[PDB]
């Protein structure tokens, strides 16, 4: 408790000795409260380039409401039963060994961390310096890092404090997490090749093919149960099974990694603002509070473990979670060794999201271990059987569904899709402020190129993508603040051919496509089912008069070099 967190707490008390107070009206039952101190301080902006080129959507509330802008955290999960705890440790032990068979844990470097900040990436960071890039150049910072680092080697912590607002941390604390645990993401531990269930680094153009491959296995329905607030349901037992990755480590790395797990994950200190504005300093040992990238990999690991145990329950490998016999342990260990890898291949798991094609439908009612691990399903009664999907083209995964689309030459594309209002509503939103017109244009171009690559099969998005790329200067580089092949100035037809034909392991015939007109759409009715405005007067006027909207945006940006991409479509090709 205060042993491990005291130093961090006692250091904060002293920076604010002129405001410390043990408020007794603090609204915390499940978090331990420590004190408060004086504080005072703190939305989504519209992308004008995308909005001017999507005029019909100005009157669609599902689009326009998206731009307008927590009991879960204050909850406590019960400790699982002894049989549940045994299933989790055995499975976790086996799963780290499988993930480790072809990978070597290793420390990530200042050099690697330095390049990541320059390329700009969401590091959930939070004042001698201003931006992240400037701090990385100043050897003073690194001296601060050294102090905390040597402290971690002693089994102690001083500065590793979370700032709830998503848990942000100072850049140095993020470095120390990336040093110890960055290998999981940097070296693709959760790749499909290495983990069999995982999809890290696969791409939205590969997810559909991956789900279609799972569908080809003999078994029951496909199950895609979402968990209610996954991060809040992570138990100290989960955090201890995750820590077992340190058993594959050595030397310094092992001690630095053990300290991240012990000092910042299994014991946490958080500063949370309260309007009543008095920064509350609370602590708790459970729940998910890591960097967003380490959170992804440990979420994937623990979800893979949970789903293998639900498959064991459905197969009758064990009968009760209250206690595991010596013979039930023999059977679980022998199931893992005998069919473990085949059962991981029956799943697609991305952090807290999963699709499972179990051996049969007994899985649907195998709920005792899943509920007892605290991974309670979203929007279904705790003891009601799961509703499975009979058609892989209906299964939800990573906020998408997937269509089978046949090209005029018989080759088969499996394409990602979601409700088109969600796609247009997200492209009309820009994060943060101080954006120039040029920067706003380059962000609209990034959305346009993603649409050309991923959602070319949606009539409205191919037309809007062509319009935005015609409206933005041809040489301006897409920016942004899932493999991102759209972040390039290369011609989008050449990128389309590389992604969908050349590099696509499910396409045997490598014949390049010569024009956009060879690249097919969904059926007209399927396009409308997934939110197309085709057949509306508003949409027909927009399409017919698109050159006028393109010319409005060109006039705003000014006298620049533009390309007309509209004749790449049949209806504008004279």
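Positions refer to the first chain, counted from 1. If you superpose the two forms and keep the largest set of C-alpha atoms that fall within 1.5 Å, you have the rigid core.
Trainee: In 9 other deposited structures of this protein, superposed on the rigid core, which stretch sits farther off in Cα RMS terms, 375-383 or 471-479?
Mentor: It is 471-479 whose C-alphas lie farther from the shown form in 9 other deposited structures of this protein.
Trainee: Comparing against the shown form in 9 other deposited structures of this protein, which stretch has the larger RMS C-alpha deviation after a rigid core superposition, 306-314 or 438-446?
Mentor: Between 306-314 and 438-446, the one lying farther away in 9 other deposited structures of this protein is 438-446.
Trainee: Give yes or no for this: do at least a third of the other compared entries, each modelling residues before and after residue 42, lack coordinates for it?
Mentor: Yes; at least one third of the other entries leave residue 42 out.
Trainee: Using a one-third cut-off over the other compared PDB entries, is residue 126 one of the residues left without coordinates?
Mentor: Residue status for residue 126: gap in at least one third of the other entries.
Trainee: How much of the deposited sequence is absent from the coordinates between residue 276 and residue 277: none, 1 to 3, 4 to 9, or 10 or more residues?
Mentor: Gap between residue 276 and residue 277: 1 to 3 residues without coordinates.
Trainee: If you count the residues of the deposited sequence that sit between residue 165 and residue 166 but have no coordinates, do you get none, 1 to 3, 4 to 9, or 10 or more?
Mentor: 10 or more residues lack coordinates between residue 165 and residue 166.
Trainee: When the C-alpha temperature factors are averaged for each of 459-467 and 248-256, which stretch ends up with the higher value in the entry?
Mentor: For C-alpha atoms only, the mean B-factor is higher in 248-256.
Trainee: Using only C-alpha atoms and the B-factors in the entry, which stretch averages higher, 277-285 or 300-308?
Mentor: Per the deposited B-factors, the answer is 277-285.
Trainee: Pick out which of 426, 411, 418, 116 has the highest C-alpha B-factor in the PDB entry.
Mentor: If I rank 426, 411, 418, 116 by C-alpha B-factor, first place goes to 116.
Trainee: Going by the entry, which of 136, 214, 405, 437 has the most elevated CA B factor?
Mentor: Comparing C-alpha B-factors across 136, 214, 405, 437, the maximum falls on 136.
Trainee: Sort the modelled residues of this chain by their C-alpha B factor and say whether residue 521 lands in the lowest, middle or highest third.
Mentor: Tercile = lowest for this residue's CA B-factor.
Trainee: Name the third of the chain's ranked CA B-factors that contains residue 96, choosing lowest, middle or highest.
Mentor: Middle third of the chain for residue 96's C-alpha B-factor.
Trainee: By the record's CA B-factor, is residue 488 among the lowest, middle or highest third of residues in the chain?
Mentor: It falls in the middle third of the chain.
Trainee: Which third of the chain holds residue 28 when residues are ordered by C-alpha B factor: lowest, middle or highest?
Mentor: It belongs to the highest third of the chain when residues are ordered by C-alpha B-factor.
Trainee: Lowest, middle or highest third: where is residue 563 by C-alpha B factor in its chain?
Mentor: It falls in the middle third of the chain.
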